Engineer: 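Sharing a structure below in structure tokens format, with a few things to ask.
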Amino acid sequence: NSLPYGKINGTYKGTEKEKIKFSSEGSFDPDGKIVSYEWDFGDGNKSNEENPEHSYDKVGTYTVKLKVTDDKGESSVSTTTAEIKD
Ligand SMILES: [Ca+2]
């Protein structure tokens, strides 16, 4: 099995309470399909949406992780940052 490629499309920028549109566009699996997307927004929150919208209550730089899992149950993880300013 080839592991899937997740594409997390960072880096991200926004202000406090701004709904940041996260995108996994360009993720693929060479020899099957991606069946799940798991996001960790770095503030303790997660999502299983393919392209979640998420806002951050407070200024900061958050580590964002995207785990993609293919039809064989194997996964790969990629990371970026979201920089949230005043
Ligand atoms: Ca695969």
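When reading the values below, keep in mind they use all heavy atoms of this one structure, side chains included, and skip hydrogens, waters and symmetry mates. The first residue in the sequence is number 1, and the count goes up from there. As the structure lists them, so they are numbered: ligands from 1, and atoms in each ligand from 1.
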Engineer: Could you verify whether a donor N or O on one side chain and an acceptor N or O on the other, from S75 and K67, lie under 3.5 Å apart?
Structural biologist: no
Engineer: Quick check: do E25 and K7 have side-chain heavy atoms less than 4.5 Å from each other?
Structural biologist: no
Engineer: Given side chain to side chain contact (heavy atoms under 4.5 Å, CB included), test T63 with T79 step by step and report yes or no.
Structural biologist: CA-CA 7 Å; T63 299; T79 200; 3.2 Å; yes
Engineer: With a 4.5 Å limit on heavy-atom distance, are the side chains of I84 and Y62 in contact?
Structural biologist: yes
Engineer: How long is the gap from OH on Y12 to OG1 on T80, to the nearest 0.5 Å?
Structural biologist: 7.5 Å
Engineer: Which protein N, O or S atoms does the Ca ion (ligand 1) have within a distance shorter than 3.0 Å?
Structural biologist: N1 OD1, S2 O, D29 OD1, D29 OD2, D31 OD1, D70 OD2
Engineer: Using the ring of each side chain (for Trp, its six-membered ring), is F41 parallel, tilted or perpendicular to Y56, with breaks at 30° and 60°?
Structural biologist: perpendicular
